[PDB]
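Enquirer: Take this structure, written in structure tokens, and hold onto it; I'll ask about it next.
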Amino acid sequence: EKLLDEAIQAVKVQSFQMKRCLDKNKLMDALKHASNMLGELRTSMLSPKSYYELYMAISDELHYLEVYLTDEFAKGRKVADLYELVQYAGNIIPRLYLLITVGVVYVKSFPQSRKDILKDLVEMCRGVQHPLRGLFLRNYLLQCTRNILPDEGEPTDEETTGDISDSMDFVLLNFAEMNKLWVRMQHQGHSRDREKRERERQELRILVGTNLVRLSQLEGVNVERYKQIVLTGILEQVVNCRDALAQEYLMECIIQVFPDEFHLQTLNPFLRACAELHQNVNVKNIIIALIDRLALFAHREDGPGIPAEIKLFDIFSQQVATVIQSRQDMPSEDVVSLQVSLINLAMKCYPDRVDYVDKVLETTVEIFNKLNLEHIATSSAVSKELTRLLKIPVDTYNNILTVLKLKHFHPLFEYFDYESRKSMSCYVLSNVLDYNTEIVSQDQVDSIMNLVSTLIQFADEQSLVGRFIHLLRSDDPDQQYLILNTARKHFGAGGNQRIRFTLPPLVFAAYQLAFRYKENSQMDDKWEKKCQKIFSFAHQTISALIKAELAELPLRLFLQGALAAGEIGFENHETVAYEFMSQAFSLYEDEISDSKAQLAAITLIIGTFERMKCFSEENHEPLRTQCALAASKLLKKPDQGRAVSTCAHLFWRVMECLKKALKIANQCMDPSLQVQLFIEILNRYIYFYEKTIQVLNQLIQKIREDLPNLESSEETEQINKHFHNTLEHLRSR
Amino acid sequence: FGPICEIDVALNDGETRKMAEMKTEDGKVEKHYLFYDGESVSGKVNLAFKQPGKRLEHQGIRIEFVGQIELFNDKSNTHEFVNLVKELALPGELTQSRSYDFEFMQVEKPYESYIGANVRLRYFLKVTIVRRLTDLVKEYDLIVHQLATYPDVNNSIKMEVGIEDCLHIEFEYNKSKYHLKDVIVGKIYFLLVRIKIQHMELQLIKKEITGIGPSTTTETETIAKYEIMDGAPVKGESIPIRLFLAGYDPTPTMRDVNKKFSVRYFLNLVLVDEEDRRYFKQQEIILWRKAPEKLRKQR
Amino acid sequence: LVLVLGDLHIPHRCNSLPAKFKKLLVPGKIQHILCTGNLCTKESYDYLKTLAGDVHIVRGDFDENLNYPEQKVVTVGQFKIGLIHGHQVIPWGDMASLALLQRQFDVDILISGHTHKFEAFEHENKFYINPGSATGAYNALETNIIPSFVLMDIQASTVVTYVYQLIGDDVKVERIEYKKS
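Protein chains in written order, with my numbering: chain A, 2 to 734; chain B, 491 to 789; chain C, 1079 to 1259.
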């Protein structure tokens, strides 16, 4: 490529010798230096980048020759016949570059000679037939003629000829001779360097793009003229290129430089021209740039918005499909992304209308149902494209109830991979979860279980059933139960692991419901039987824990059921609590091996039962004995002593169990533990004493000898000051 | 002793108009009075006598307008086709610078003063003072043109040429009889391109046919090699041609002057491929000088 | 700054902690966390983890996992603090029994509850806390339940208390002070 280095070398030498004669007012022989100079463009041995750098080097050095020829003519020192004087040389290239030099000045200095010379220089461009020299001189021409084209906002030196019509036909002819030669870029030179030709096509294409930027600068090109001449004239140059990359760089250049409103009404025409494109075209990026800039104008304020005539929805859909219909050998991700944009636009441009996005995703199922594709796994990129597709509808809708209220939302989820299907299902549920969803209608009640039907066949469900009590809290004095009963049935069909997390809240949701009819006790007259249904419905749900082999959870649940029965006042509640009392009694006595849990049961049973002041002593006493029976079934001593002591409150005879409590404490080995239990009998006597009396005095004396006969540790002194402080409250002085 | 008498020819209208000039042998640049057919010549032969005390005896004094062509650099066939003679003095003496008035009424000039290699057409006034042994022959060259106005018809030479299954082009010369300051405007119209063409060049080439009949010495030179094109074109390309022939200094196409030499000009469409062959096509054009005229307006 | 709450029932009786309580509680300001119980799900326990790290939990009547301790004690700086729920109490709410509970453990400070109604008093030179339900979780004995949570500042032999209760739709606060004897 050293040919290039010696090329610009001879360039400066004649560059500075022409300026030598320029300063000497030797115009004729200075152009002679330029004539021996521009004949370096005669070569074709240089790389297009190599030639491009020299061409820019030449474009700025003839610019110095231009500013010389400019100040000559501008102030009146115009050497005549230059339009013809330059036409004596042999080599074609120096002769022409001087011709444009004279030509542009003749346009500015002589307004009347505008249109005519414009119709000569551009045709004189074909005075060459090379692909490469053809490009650069005309991009050079575009630089020289950049702003001298006419317009409507024109200075009124009315000798001028030519208007915006002249400009548009001018540059379209420039657009013609550039696109044609840029395709002749593809098949020139040697055969082994087709990639070299195409990469340099990616380089000098910006030169042609400058012509298209010239188009945007024309303010006189309005919507009417553009669509009828400039667009079609471009589209004529669009359809005749018969080359992929030539078509690729151009089309995106048309959208990116031409403003939005020009592309507003070209939807039918331009995309029919897109249907005219080759199969090697990146039609995606063309429509990507389309909807990019189109949605950019749809969401820019300070204007009418989008005209009411234009229904982008159906027009896009009809022309989009034709783009699919016209194309041939097409990867899956192509149609997915276009449908993504269809979803994208139909939501953004039509937020308040929901049946529109419905149809597009309805077509999406119809597209891929007709598409003979098997069950979509995660491997191919189609998985990530349809994921991006399905992601948009849920994210975009502000109130996610509209996501749930979609009937055709369900078909989409079927075709996904198990890993993908699980991941998206918990996400869409989480969206119903992470945002506070209020009362949910029966229609969406069936939806959520249907969404559950997609997921199950984790604690995520527990979060769902956690707000289920809220999003399916209803102010109806009947229906709420059916909501819970639907949860009872369908969530019970989920399996066995889940119900341990949801029934204990669903049953209390029934308690809420049960106490909701405590509120409705005066409002309703059937609530007593409805509770009986609910307390039995609890028993049904509790029985679901039984088949789930759960033991302790129903215990307290029966206890509130006993509490709920005894507090509401519905008919037969005493036996219902009794029935539950027998249930909790039986479950405790059946299987549990450990002791502490059994301790918690009876202590919570006895605590509620004392508070359960609706069991008459015809029922209280048999249960009082059964609580005494339950305590006796234990293994270790001090635990039983606490239980029987608590049984004394059930007679509120009291001191009967107190005497037994003393007896149970007398067969322990370690003196450390037995002595505070002695105190725990004293204070127990103290409490009932203040509600029988002399037993307190003797027992205080009894612990006095029982205290000091031991070896001590950090626990001994704690009970000594405990005892002394115990005396301080008995010190009621 | 120097010359006995110097012959000096000054025309009575040797100051008018302007000068047009022509290039002579060795590239020398000689200027002689431009005339035209039907124009009279008149002047004074200043016979400046140089040697005082001596005398110039003679057998007459005359001046001859001799329009003659010399062919093949030979003096044995110097042929005068124009010969007008004015007698200035009879046999006598020259003792001083005597001015003799001469005037050849309406000198007929059937051909333009043109100079070739083996062709040399000249007009001159030869003063021949007949001395006893050596007549003082003084020559005063005079350039003359061949005038003609615009032609009635200058038809469009529109022809198809090419090489079979290799090339076929339509070249259109808008005119066929141009004058010396014309412009060749036309078009080259491709109909077939299957060759790795490197360029197209148009050569303005003269054939100087010299001699009479079989003695044909046609020297051929390319004054111009005009460039219009480069590279190998494709189907559907139109090539206007624009060539100013002013920078060529051409001579009118002279059709068999005196049946001893002719001047014809041919355009040669020369086409060269990357393998360096040349394809040529020959087309005659007539040239002719037109007028020294006030340049403006056009019919 | 230490926090006190209890009787949550996050899945059980309500949906979650009331929104205004969950903007007041933000991570960074509180250095220790204390709870009474009835989490009923790792949600509140993990939410307490988000709030701070010095978190200590005792089992309610309705929590499930067995790794949580039934009771816990702490001697932070100067004070002795006890931690229970409150279901292990005769006719829950008895004044004499709770005075006994400190008398057993000889702490300076107790936390209790299980009644879902807020209580707090100082007695026999010792001081007790019943934050109640911080989610307004229903209780059988008392119909209406008000969410309420407690925060406390201990400098030296002196703890400030701040309890926020849910009456109506606003945060109403009552302030109580304690001095270590």
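All C-beta atoms in this analysis are idealised placements derived from N, C-alpha and C, irrespective of residue type, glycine included.
Taking Cβ-Cβ distances shorter than 9 Å, what residues in chain A pair up with residue 1036 of chain C?
Expert: In the structure as shown, chain C begins at 1079 and stops at 1259. Residue 1036 of chain C is therefore absent and cannot be evaluated.
Enquirer: One question on the structure: do A/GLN443 and A/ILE484 come within less than 9 Å of each other, judged by their Cβ atoms?
Expert: The answer is yes: Cβ separation under 9 Å.
Enquirer: Examine the Cβ distances between the stretch 652-671 of chain B and the stretch 623-637 of chain B and report whether three or more of them are shorter than 8 Å.
Expert: Too few Cβ pairs lie closer than 8 Å, so no.
Enquirer: Is it buried or exposed for C/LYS1195, if we count other Cβ within 10 angstroms and need 16 for buried?
Expert: So C/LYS1195 ends up on the buried side.
Enquirer: Could you say if the stretch 1157-1177 of chain C and the stretch 682-698 of chain A meet the contact criterion of at least three C-beta pairs nearer than 8 Å?
Expert: As far as the Cβ criterion goes, the stretch 1157-1177 of chain C touches the stretch 682-698 of chain A, which means the pair count is three or higher.
Enquirer: Along chain B, in chain order, which residues have C-beta atoms closer than 8 Å to that of A/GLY91?
Expert: In chain order: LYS715, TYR716 and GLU717.
Enquirer: Taking 9 Å as the threshold (C-beta atoms), are C/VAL1185 and C/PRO1209 in contact?
Expert: Contact flag unset, no.
Enquirer: Please say whether B/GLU554 and B/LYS576 have beta carbons closer to each other than 9 Å?
Expert: Going by C-beta atoms, B/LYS576 is nearer than 9 Å to B/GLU554.
Enquirer: What are the boundary residues of the beta strand (DSSP E) that includes A/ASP244?
Expert: Where A/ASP244 is concerned, there is no enclosing beta strand (DSSP E), given that its DSSP letter is neither H nor E.
Enquirer: At a Cβ cut of 9 Å, what residues of the stretch 115-144 of chain A count as close to chain B, listed as they run along the chain?
Expert: So the list reads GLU124, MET125, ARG127, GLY128, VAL129, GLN130, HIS131, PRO132 and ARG134, given in the order they occur along the chain.
Enquirer: So, is A/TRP653 buried or exposed, given that buried needs 16 or more other C-beta atoms within 10 angstroms?
Expert: Exposed: under 16 other Cβ atoms inside 10 Å.
Enquirer: Within 9 Å of any Cβ in chain B, is that where the Cβ of A/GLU237 sits?
Expert: No, because no Cβ of chain B sits closer than 9 Å to the Cβ of A/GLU237.
Enquirer: Could you name the residues of chain C that A/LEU564 contacts, counting a contact when the two beta carbons are closer than 7 Å?
Expert: Correct list: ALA1218.
Enquirer: Compare the Cα-Cα distances from B/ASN645 to each of B/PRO493, B/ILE776 and B/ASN748 and report the closest residue.
Expert: Considering only alpha carbons, the answer is B/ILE776.
Enquirer: Considering only C-alpha positions, which residue in the set A/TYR227, A/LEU272, A/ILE289 and A/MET186 is nearest to A/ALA245?
Expert: It is A/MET186 whose Cα lies nearest to the Cα of A/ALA245.
Enquirer: By the DSSP assignment, the beta strand (DSSP E) with A/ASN698 in it spans what residues?
Expert: Not the beta strand (DSSP E): A/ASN698 falls in the alpha helix (DSSP H), residues 695-707.
Enquirer: In the DSSP assignment, find the unbroken beta strand (DSSP E) run with C/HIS1163 in it and report its ends.
Expert: Counting along the chain, C/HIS1163 falls outside any beta strand (DSSP E), and DSSP gives it neither H nor E.
Enquirer: So does the stretch 522-539 of chain A actually touch the stretch 563-575 of chain A, counting three or more Cβ pairs closer than 8 Å?
Expert: Result yes; three or more Cβ-Cβ pairs closer than 8 Å.
Enquirer: For A/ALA511, I'd like the list of residues in its chain whose CB is within less than 8 Å of its CB, leaving aside the five on either flank, ordered along the chain.
Expert: For A/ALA511, where only same-chain residues beyond five positions count, the Cβ hits under 8 Å are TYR482, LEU485, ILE535, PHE538, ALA539 and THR542.
Enquirer: For the stretch 488-508 of chain A, which residues have a beta carbon sitting closer than 8 Å to at least one beta carbon of chain C?
Expert: Flagged, chain order: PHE502, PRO505 and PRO506.
Enquirer: How about A/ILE59 and A/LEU42: do their beta carbons lie closer than 9 Å?
Expert: Cβ atoms of A/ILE59 and A/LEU42: closer than 9 Å.
Enquirer: Can you say whether A/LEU297 is buried or exposed, counting buried as having 16 or more other CB atoms within 10 angstroms of its CB?
Expert: Counting Cβ neighbours within 10 Å, A/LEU297 comes out exposed, since fewer than 16 surround it.
Enquirer: Checking contacts by CB at 9 Å: is A/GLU201 closer than that to chain B?
Expert: Not closer than 9 Å to any Cβ of chain B, the Cβ of A/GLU201 fails to qualify, so no.
Enquirer: Below 7 Å on C-beta distance, what does C/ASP1139 contact in chain A?
Expert: Neighbours of C/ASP1139 on chain A, chain order: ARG557 and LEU605.
Enquirer: Looking at the secondary structure, which residues open and close the alpha helix (DSSP H) in which A/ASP591 lies?
Expert: 574-591 is the extent of the alpha helix (DSSP H) around A/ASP591.
Enquirer: Taking A/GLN187 as the query, report the chain B residues whose CB atoms sit under 9 Å from its CB, ordered along the chain.
Expert: Within 9 Å Cβ-Cβ: nothing; A/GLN187 doesn't reach chain B, min ~13 Å.
Enquirer: Beta-carbon of B/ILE729 versus every beta-carbon of chain A: anything under 9 Å?
Expert: By this cut-off, B/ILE729 is an interface position.
Enquirer: On the CB-based measure, 16 or more other CB atoms within 10 Å of its CB, does A/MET29 come out buried or exposed?
Expert: Exposed is the call here.
Enquirer: Assuming contact is defined by CB atoms lying nearer than 9 Å, are C/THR1213 and C/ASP1132 in contact in what I supplied?
Expert: Not closer than 9 Å, so no.
Enquirer: What residues are listed by DSSP as bridge partners for B/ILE647?
Expert: Its beta-bridge partners are B/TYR663.
Enquirer: What residues from chain A crowd round C/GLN1166, counting only those whose CB sits closer than 7 Å?
Expert: Going along chain A in sequence order, the residues near C/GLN1166 (Cβ under 7 Å) are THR604.
Enquirer: Could you tell me which whole alpha helix (DSSP H) segments of length 4 or greater appear in the stretch 521-555 of chain A?
Expert: Entirely contained in the stretch 521-555 of chain A, the alpha helix (DSSP H) runs reaching 4 residues are, in chain order, 528-548.
Enquirer: Give the DSSP-derived three-state secondary structure of A/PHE616 in the structure shown.
Expert: Note: A/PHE616 maps to coil in three-state DSSP.
Enquirer: Consult DSSP for B/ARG545 and reduce its assignment to one of helix, strand or coil.
Expert: Correct three-state label for B/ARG545: coil.
Enquirer: Buried or exposed for A/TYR357, please, with buried defined as at least 16 other CB atoms from any protein chain shown within 10 angstroms of its CB.
Expert: So A/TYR357 ends up on the buried side.
Enquirer: Using the Cα positions of C/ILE1088 and A/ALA602, report the straight-line distance between them to the nearest angstrom.
Expert: Cα to Cα, the separation comes out at about 22 Å.
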